[PDB]
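Participant: Okay, so here is run03.tsv, and as you'll see once you scroll down, it has TSV, C-alpha atoms and all ligand atoms.
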```tsv
chain	number	residue	atom	x	y	z
H	1	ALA	CA	-10.24	-17.05	61.18
H	2	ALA	CA	-6.68	-15.81	61.78
H	3	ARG	CA	-4.93	-12.44	61.50
H	4	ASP	CA	-4.49	-11.26	57.92
H	5	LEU	CA	-1.31	-9.96	56.31
H	6	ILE	CA	-2.98	-6.78	55.01
H	7	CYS	CA	-4.26	-5.97	58.52
H	8	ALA	CA	-0.66	-6.22	59.75
H	9	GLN	CA	0.45	-3.94	56.91
H	10	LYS	CA	-2.32	-1.44	57.69
H	11	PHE	CA	-1.79	-1.40	61.47
H	12	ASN	CA	1.89	-0.39	61.10
H	13	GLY	CA	1.35	2.72	58.96
H	14	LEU	CA	1.85	1.03	55.57
H	15	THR	CA	-1.46	2.21	54.15
H	16	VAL	CA	-2.35	1.84	50.47
H	17	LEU	CA	-4.00	4.70	48.60
H	18	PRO	CA	-6.67	3.75	46.02
H	19	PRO	CA	-6.23	4.83	42.39
H	20	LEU	CA	-8.13	7.87	41.17
H	21	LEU	CA	-9.43	5.96	38.14
H	22	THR	CA	-11.34	2.96	39.48
H	23	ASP	CA	-11.80	-0.27	37.53
H	24	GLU	CA	-15.21	0.75	36.14
H	25	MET	CA	-13.99	4.02	34.61
H	26	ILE	CA	-10.76	2.33	33.46
H	27	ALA	CA	-12.98	-0.22	31.70
H	28	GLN	CA	-14.97	2.75	30.32
H	29	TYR	CA	-11.71	4.21	28.95
H	30	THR	CA	-10.88	0.82	27.43
H	31	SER	CA	-14.37	0.44	25.92
H	32	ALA	CA	-14.21	3.98	24.51
H	33	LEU	CA	-10.82	3.17	22.96
H	34	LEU	CA	-12.20	-0.08	21.52
H	35	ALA	CA	-15.31	1.64	20.14
H	36	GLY	CA	-13.19	4.39	18.61
H	37	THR	CA	-10.83	1.79	17.15
H	38	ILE	CA	-13.67	-0.20	15.57
H	39	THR	CA	-16.00	2.64	14.55
H	40	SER	CA	-13.61	5.54	13.92
H	41	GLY	CA	-10.30	3.71	13.46
H	42	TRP	CA	-7.04	5.64	13.61
H	43	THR	CA	-8.71	8.97	12.77
H	44	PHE	CA	-9.87	9.70	16.33
H	45	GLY	CA	-6.25	10.20	17.39
H	46	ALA	CA	-6.09	13.38	15.29
H	47	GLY	CA	-8.99	15.35	16.73
H	48	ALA	CA	-12.53	13.96	16.73
H	49	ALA	CA	-13.92	10.58	15.73
H	50	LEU	CA	-14.31	9.96	11.99
H	51	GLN	CA	-16.54	6.95	11.34
H	52	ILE	CA	-15.43	3.99	9.21
H	53	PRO	CA	-16.60	0.40	8.62
H	54	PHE	CA	-14.29	-2.17	10.18
H	55	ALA	CA	-13.43	-3.87	6.88
H	56	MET	CA	-12.17	-0.51	5.57
H	57	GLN	CA	-10.06	0.04	8.69
H	58	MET	CA	-8.53	-3.44	8.45
H	59	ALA	CA	-7.88	-2.77	4.74
H	60	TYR	CA	-6.21	0.56	5.48
H	61	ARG	CA	-4.14	-1.19	8.15
H	62	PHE	CA	-3.06	-3.80	5.62
H	63	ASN	CA	-1.96	-0.90	3.40
H	64	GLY	CA	0.47	0.22	6.12
H	65	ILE	CA	2.69	-2.88	5.94
H	66	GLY	CA	3.24	-2.98	2.19
H	67	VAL	CA	0.35	-5.38	1.51
H	68	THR	CA	-2.40	-4.53	-0.96
H	69	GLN	CA	-5.95	-4.44	0.38
H	70	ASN	CA	-7.27	-7.17	-1.92
H	71	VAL	CA	-5.91	-9.78	0.52
H	72	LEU	CA	-8.72	-9.32	3.04
H	73	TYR	CA	-11.34	-8.39	0.44
H	74	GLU	CA	-10.91	-11.83	-1.10
H	75	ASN	CA	-10.39	-13.55	2.29
H	76	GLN	CA	-12.51	-11.70	4.87
H	77	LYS	CA	-14.06	-14.86	6.33
H	78	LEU	CA	-10.68	-16.58	6.71
H	79	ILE	CA	-9.10	-13.61	8.53
H	80	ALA	CA	-12.20	-13.22	10.71
H	81	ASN	CA	-12.20	-16.92	11.67
H	82	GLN	CA	-8.43	-16.79	12.28
H	83	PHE	CA	-8.96	-13.82	14.62
H	84	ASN	CA	-11.82	-15.68	16.35
H	85	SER	CA	-9.75	-18.86	16.78
H	86	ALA	CA	-6.74	-16.86	17.99
H	87	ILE	CA	-8.77	-14.99	20.60
H	88	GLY	CA	-10.31	-18.34	21.56
H	89	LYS	CA	-6.78	-19.70	22.00
H	90	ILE	CA	-6.02	-16.69	24.22
H	91	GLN	CA	-9.23	-17.39	26.17
H	92	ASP	CA	-8.32	-21.07	26.64
H	93	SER	CA	-4.77	-20.10	27.66
H	94	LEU	CA	-6.17	-17.71	30.27
H	95	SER	CA	-8.56	-20.44	31.44
H	96	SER	CA	-6.03	-23.29	31.74
H	97	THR	CA	-2.41	-22.57	30.75
H	98	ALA	CA	-1.40	-20.01	33.38
H	99	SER	CA	2.03	-19.24	31.95
V	1	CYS	CA	5.80	15.59	17.54
V	2	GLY	CA	2.43	17.18	18.31
V	3	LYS	CA	-1.13	15.95	18.84
V	4	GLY	CA	-2.51	15.32	15.36
V	5	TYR	CA	-0.84	15.12	11.94
V	6	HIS	CA	2.58	16.63	12.55
V	7	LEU	CA	4.11	19.00	10.00
V	8	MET	CA	7.29	20.54	11.46
V	9	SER	CA	8.82	21.92	14.64
V	10	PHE	CA	10.68	24.96	16.00
V	11	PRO	CA	13.36	24.63	18.69
V	12	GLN	CA	13.41	27.53	21.15
V	13	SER	CA	16.00	28.18	23.84
V	14	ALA	CA	14.57	27.90	27.34
V	15	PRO	CA	16.03	27.98	30.88
V	16	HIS	CA	17.13	24.43	31.82
V	17	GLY	CA	15.28	22.88	28.89
V	18	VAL	CA	13.92	23.33	25.39
V	19	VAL	CA	10.54	24.32	23.94
V	20	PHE	CA	9.10	22.99	20.68
V	21	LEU	CA	6.37	24.63	18.59
V	22	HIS	CA	4.81	21.70	16.71
V	23	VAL	CA	2.93	23.01	13.69
V	24	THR	CA	0.18	20.43	13.32
V	25	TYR	CA	-2.49	19.54	10.77
V	26	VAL	CA	-5.85	19.08	12.54
V	27	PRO	CA	-9.15	18.55	10.67
V	28	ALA	CA	-12.10	20.61	11.89
V	29	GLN	CA	-15.39	20.28	9.97
V	30	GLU	CA	-16.74	16.80	9.23
V	31	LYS	CA	-19.47	15.61	6.87
V	32	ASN	CA	-21.30	12.28	6.58
V	33	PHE	CA	-21.32	10.17	3.41
V	34	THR	CA	-22.18	6.72	2.04
V	35	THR	CA	-19.25	4.35	1.52
V	36	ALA	CA	-18.49	0.92	0.05
V	37	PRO	CA	-15.39	-1.33	0.12
V	38	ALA	CA	-15.19	-1.66	-3.67
V	39	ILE	CA	-17.01	-0.99	-6.94
V	40	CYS	CA	-18.24	-3.88	-9.09
V	41	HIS	CA	-17.92	-2.80	-12.73
V	42	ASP	CA	-18.14	-5.52	-15.42
V	43	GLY	CA	-17.36	-8.18	-12.83
V	44	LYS	CA	-14.27	-6.31	-11.60
V	45	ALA	CA	-13.88	-4.99	-8.04
V	46	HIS	CA	-12.25	-1.56	-8.25
V	47	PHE	CA	-11.06	-0.10	-4.94
V	48	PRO	CA	-8.66	2.81	-4.61
V	49	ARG	CA	-4.93	2.96	-4.05
V	50	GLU	CA	-5.13	6.16	-1.94
V	51	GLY	CA	-8.71	7.46	-1.85
V	52	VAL	CA	-11.85	6.23	-0.12
V	53	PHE	CA	-15.04	5.51	-2.05
V	54	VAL	CA	-17.76	7.87	-0.79
V	55	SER	CA	-21.03	9.22	-2.15
V	56	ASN	CA	-23.18	12.19	-1.22
V	57	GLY	CA	-26.31	10.26	-2.22
V	58	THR	CA	-26.34	10.32	-6.02
V	59	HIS	CA	-22.77	10.22	-7.39
V	60	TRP	CA	-19.74	8.36	-6.05
V	61	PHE	CA	-16.37	9.99	-5.36
V	62	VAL	CA	-12.86	8.76	-4.66
V	63	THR	CA	-11.54	11.50	-2.36
V	64	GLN	CA	-8.74	11.06	0.17
V	65	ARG	CA	-9.23	10.27	3.85
V	66	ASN	CA	-7.94	13.59	5.24
V	67	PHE	CA	-9.44	16.37	3.07
V	68	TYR	CA	-12.63	16.38	1.00
V	69	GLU	CA	-11.46	16.77	-2.61
V	70	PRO	CA	-14.03	14.71	-4.54
V	71	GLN	CA	-12.88	13.36	-7.90
V	72	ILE	CA	-14.60	11.31	-10.58
V	73	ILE	CA	-14.09	7.54	-10.63
V	74	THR	CA	-11.30	6.75	-13.10
V	75	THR	CA	-8.86	3.84	-13.55
V	76	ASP	CA	-5.82	5.89	-12.53
V	77	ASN	CA	-6.24	5.85	-8.75
V	78	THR	CA	-8.11	2.51	-8.64
V	79	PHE	CA	-6.74	-1.01	-9.09
V	80	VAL	CA	-8.85	-4.12	-9.61
V	81	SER	CA	-6.83	-7.05	-8.16
V	82	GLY	CA	-9.82	-9.36	-7.81
V	83	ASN	CA	-13.48	-10.07	-8.54
V	84	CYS	CA	-16.69	-8.52	-7.24
V	85	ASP	CA	-18.58	-11.68	-6.20
V	86	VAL	CA	-16.35	-12.41	-3.18
V	87	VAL	CA	-16.31	-9.32	-0.92
V	88	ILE	CA	-19.16	-8.65	1.51
V	89	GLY	CA	-19.72	-4.93	0.99
V	90	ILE	CA	-19.96	-3.75	-2.61
V	91	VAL	CA	-22.25	-1.46	-4.61
V	92	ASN	CA	-23.03	-1.11	-8.29
V	93	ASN	CA	-21.53	1.93	-10.00
V	94	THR	CA	-19.58	2.87	-13.12
V	95	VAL	CA	-15.89	3.64	-13.64
V	96	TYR	CA	-14.97	5.70	-16.69
V	97	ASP	CA	-11.82	5.06	-18.67
V	98	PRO	CA	-9.47	8.06	-18.99
V	99	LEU	CA	-8.68	6.90	-22.54
V	100	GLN	CA	-12.31	7.29	-23.68
V	101	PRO	CA	-13.10	11.07	-23.55
V	102	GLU	CA	-9.75	12.00	-25.13
V	103	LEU	CA	-9.43	9.38	-27.89
V	104	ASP	CA	-12.52	7.16	-28.17
V	105	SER	CA	-15.11	9.94	-28.08
V	106	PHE	CA	-12.63	12.28	-29.80
C	1	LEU	CA	-3.88	-0.93	-23.74
C	2	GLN	CA	-4.65	-0.58	-27.48
C	3	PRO	CA	-7.51	-2.95	-28.60
C	4	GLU	CA	-10.40	-0.70	-27.50
C	5	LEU	CA	-9.23	1.98	-29.98
C	6	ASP	CA	-8.77	-0.01	-33.21
C	7	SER	CA	-9.62	-3.67	-32.53
C	8	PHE	CA	-13.02	-2.87	-30.98
H	201	LIG	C1	-3.59	-20.43	4.66
H	201	LIG	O1	-3.55	-20.86	6.03
H	201	LIG	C2	-4.83	-21.04	6.64
H	201	LIG	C3	-4.58	-21.39	8.09
H	201	LIG	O2	-3.57	-20.56	8.66
H	201	LIG	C4	-5.63	-22.10	5.89
H	201	LIG	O3	-6.93	-22.20	6.45
H	201	LIG	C5	-7.26	-23.57	6.77
H	201	LIG	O4	-7.42	-24.39	5.59
H	201	LIG	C6	-7.73	-25.76	5.86
H	201	LIG	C7	-7.78	-26.47	4.53
H	201	LIG	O5	-8.06	-27.85	4.69
H	201	LIG	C8	-9.05	-25.85	6.63
H	201	LIG	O6	-9.32	-27.21	6.96
H	201	LIG	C9	-8.98	-25.01	7.90
H	201	LIG	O7	-10.24	-25.01	8.55
H	201	LIG	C10	-8.56	-23.58	7.58
H	201	LIG	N1	-8.42	-22.80	8.81
H	201	LIG	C11	-9.21	-21.77	9.15
H	201	LIG	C12	-10.31	-21.42	8.19
H	201	LIG	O8	-9.04	-21.16	10.20
H	201	LIG	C13	-5.73	-21.73	4.41
H	201	LIG	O9	-6.36	-22.77	3.68
H	201	LIG	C14	-4.34	-21.47	3.82
H	201	LIG	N2	-4.45	-21.04	2.44
H	201	LIG	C15	-4.37	-21.88	1.40
H	201	LIG	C16	-4.50	-21.26	0.04
H	201	LIG	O10	-4.20	-23.08	1.55
H	202	LIG	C1	-24.32	15.06	-5.04
H	202	LIG	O1	-23.21	15.16	-5.96
H	202	LIG	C2	-23.60	15.27	-7.33
H	202	LIG	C3	-22.33	15.26	-8.15
H	202	LIG	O2	-21.72	16.55	-8.18
H	202	LIG	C4	-24.44	16.54	-7.54
H	202	LIG	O3	-24.89	16.58	-8.89
H	202	LIG	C5	-24.57	17.86	-9.49
H	202	LIG	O4	-25.55	18.87	-9.17
H	202	LIG	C6	-25.26	20.17	-9.73
H	202	LIG	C7	-26.34	21.10	-9.24
H	202	LIG	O5	-27.54	20.95	-9.98
H	202	LIG	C8	-25.21	20.07	-11.25
H	202	LIG	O6	-24.85	21.34	-11.79
H	202	LIG	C9	-24.20	19.02	-11.68
H	202	LIG	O7	-24.23	18.85	-13.10
H	202	LIG	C10	-24.49	17.68	-11.01
H	202	LIG	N1	-23.49	16.69	-11.37
H	202	LIG	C11	-23.68	15.77	-12.31
H	202	LIG	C12	-22.54	14.82	-12.55
H	202	LIG	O8	-24.73	15.69	-12.94
H	202	LIG	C13	-25.64	16.53	-6.60
H	202	LIG	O9	-26.35	17.76	-6.69
H	202	LIG	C14	-25.20	16.31	-5.15
H	202	LIG	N2	-26.35	16.22	-4.27
H	202	LIG	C15	-26.39	16.75	-3.04
H	202	LIG	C16	-27.66	16.55	-2.28
H	202	LIG	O10	-25.43	17.35	-2.57
H	203	LIG	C1	-24.55	12.04	9.53
H	203	LIG	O1	-25.80	11.32	9.60
H	203	LIG	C2	-25.92	10.40	10.70
H	203	LIG	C3	-27.24	9.69	10.53
H	203	LIG	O2	-27.94	9.60	11.77
H	203	LIG	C4	-25.80	11.16	12.01
H	203	LIG	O3	-25.88	10.23	13.10
H	203	LIG	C5	-24.49	11.92	12.07
H	203	LIG	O4	-24.43	12.71	13.25
H	203	LIG	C6	-24.34	12.83	10.84
H	203	LIG	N1	-23.08	13.58	10.87
H	203	LIG	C7	-21.83	13.07	10.82
H	203	LIG	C8	-20.73	14.08	10.87
H	203	LIG	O5	-21.60	11.86	10.73
H	204	LIG	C1	-25.06	-5.28	-9.75
H	204	LIG	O1	-25.22	-5.33	-11.18
H	204	LIG	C2	-25.12	-6.65	-11.74
H	204	LIG	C3	-25.24	-6.49	-13.24
H	204	LIG	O2	-25.23	-5.12	-13.62
H	204	LIG	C4	-26.21	-7.55	-11.15
H	204	LIG	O3	-26.06	-8.87	-11.66
H	204	LIG	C5	-26.10	-7.56	-9.63
H	204	LIG	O4	-27.18	-8.31	-9.08
H	204	LIG	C6	-26.13	-6.14	-9.07
H	204	LIG	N1	-25.95	-6.16	-7.63
H	204	LIG	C7	-26.64	-5.38	-6.79
H	204	LIG	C8	-26.32	-5.52	-5.34
H	204	LIG	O5	-27.49	-4.59	-7.20
```
If you convert what's in this file into structure tokens, what do you get?
Ligand SMILES: *[C@@H]1O[C@H](CO)[C@@H](O[C@@H]2O[C@H](CO)[C@@H](O)[C@H](O)[C@H]2NC(C)=O)[C@H](O)[C@H]1NC(C)=O
Ligand SMILES: *[C@@H]1O[C@H](CO)[C@@H](O[C@@H]2O[C@H](CO)[C@@H](O)[C@H](O)[C@H]2NC(C)=O)[C@H](O)[C@H]1NC(C)=O
Ligand SMILES: *[C@@H]1O[C@H](CO)[C@@H](O)[C@H](O)[C@H]1NC(C)=O
Ligand SMILES: *[C@@H]1O[C@H](CO)[C@@H](O)[C@H](O)[C@H]1NC(C)=O
Facilitator:
Amino acid sequence: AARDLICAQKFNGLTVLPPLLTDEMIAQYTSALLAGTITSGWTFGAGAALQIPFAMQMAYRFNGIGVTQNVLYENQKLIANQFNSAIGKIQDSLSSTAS
Amino acid sequence: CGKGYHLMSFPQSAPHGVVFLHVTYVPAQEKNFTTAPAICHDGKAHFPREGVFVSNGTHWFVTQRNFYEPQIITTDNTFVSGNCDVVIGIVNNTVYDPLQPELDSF
Amino acid sequence: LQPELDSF
């Protein structure tokens, strides 16, 4: 086609070094953090992973803001659907509303 | 203030800086158990204020989430605040009144 | 929390 901008950057000594952690292992770090957050919770930040169901972890994270843990245990479906609709709103914002 | 559950620290004089000695609580030896979000007893969903409901396979315990100190299920560290036909995860067990073995049986 | 001691 025509001469690229990155070829002009590269040909004048302005080379770009790649990161040590590539996108696949960075995604592996992120997936390990997500799996430790869901399965182990906050207890894997103090040594090794300590397994927990996700409802218990969300309950013990409601306990950290002065809210009793009956709020989700009477309204688990509502909080789950609110999280699903909020992450769907984030997905639609990433799809269309680039702001 | 240290990797893990932080307890305290010690300042130490150092050349062009400072050195801390973070005394830190770190758990070592784990053990697997059977858990449940609450306990349905007489249509009441007991679930603890501080402990976590675990069982070794036969009896259920209410020990804390950082050190295994299993205690019997009693309405002193458990609050109801609901009903047991709403939550997803629940098991059938019994919760003993603290009033009973010191006045009612006595 | 009395009625389980005398009113039961
Ligand atoms: C608390 O707010 C939530 C929304 O933030 C309410 O949930 C909605 O309730 C209406 C009732 O007509 C439903 O049509 C919606 O589908 C619900 N949204 C969901 C499930 O995401 C909830 O009802 C409110 N609480 C009370 C007691 O009214
Ligand atoms: C699970 O925990 C229960 C509760 O402590 C254990 O039952 C005890 O077993 C000892 C050993 O025979 C008895 O002396 C106690 O009287 C039992 N407790 C009660 C309340 O009866 C049980 O052995 C444990 N099981 C395993 C596999 O560890
Ligand atoms: C407990 O039992 C499960 C059942 O497979 C096992 O995967 C796990 O390694 C055991 N130990 C711990 C500490 O969870
Ligand atoms: C728990 O016990 C109650 C009555 O004791 C019973 O109606 C209910 O079906 C039981 N639930 C389970 C999951 O066993």
Participant: Near segment 74-86 of chain H, counting only C-alpha atoms, which residues have an atom at most 8 Å away, once you skip same-chain residues fewer than 6 positions from it, shown as a count of residues only?
Facilitator: 3
Participant: Show me which residues sit within 12 Å of ligand LIG 204 (chain H) when counting only C-alpha atoms and all ligand atoms, and put them as number ranges by chain.
Facilitator: V: 36, 38-45, 84-85, 87-94
Participant: Taking all atoms listed in the file into account, report as a short mmCIF file (atom, residue, chain, number, x, y, z; two decimals) with C-alpha atoms, in the frame of the given file which residues of chain V lie within 10 Å of chain C.
Facilitator:
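Okay, selection16.cif is ready:
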```cif
data_model
loop_
_atom_site.label_atom_id
_atom_site.label_comp_id
_atom_site.auth_asym_id
_atom_site.auth_seq_id
_atom_site.Cartn_x
_atom_site.Cartn_y
_atom_site.Cartn_z
CA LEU V 99 -8.68 6.90 -22.54
CA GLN V 100 -12.31 7.29 -23.68
CA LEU V 103 -9.43 9.38 -27.89
CA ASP V 104 -12.52 7.16 -28.17
#
```
Participant: Enter the distance from atom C11 of ligand LIG 201 (chain H) to atom CA of residue 54 of chain H, in Å, rounded to one decimal.
Facilitator: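 Between atom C11 of ligand LIG 201 (chain H) and atom CA of residue 54 of chain H the gap is 20.3 Å.
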Participant: Any residue with an atom at most 7 Å from ligand LIG 202 (chain H) counts, using only C-alpha atoms and all ligand atoms. Which are they? Put them as a list in words.
Facilitator: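 Sorted by chain and then by number, the residues are residues 56, 57, 58 and 59 of chain V.
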Participant: Put a box with edges along x, y and z around all the listed atoms of ligand LIG 201 (chain H), pad it by 4 Å on each side, then give me its centre and sizes in Å, one decimal, as JSON.
Facilitator:
```
{"center_x": -6.9, "center_y": -24.1, "center_z": 5.1, "size_x": 14.8, "size_y": 15.4, "size_z": 18.2}
```
Participant: Collect all residues with atoms no farther than 9 Å from ligand LIG 203 (chain H), counting all atoms listed in the file, and output them as a ChimeraX atom specification.
Facilitator: /H:50-51 /V:29-33
Participant: Define the interface residues of chain V facing chain H as those within 7 Å, counting all atoms listed in the file, and report them as a ChimeraX atom specification.
Facilitator: /V:3-5,26-27,37,81-82,86-87
Participant: Compare H:18, H:41, H:88, H:66 by their minimum atom-to-atom distance to ligand LIG 201 (chain H), counting all atoms listed in the file, and give me the closest one.
Facilitator: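 Nearest to ligand LIG 201 (chain H): H:88.
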Participant: Rounded to one decimal place, report the atom CA of residue 39 of chain H-atom CA of residue 71 of chain V distance in Å.
Facilitator: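 Between these atoms lies a distance of 25.1 Å.
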Participant: So how many Å separate atom CA of residue 80 of chain V and atom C16 of ligand LIG 201 (chain H), to one decimal?
Facilitator: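 Separation between atom CA of residue 80 of chain V and atom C16 of ligand LIG 201 (chain H): 20.1 Å.
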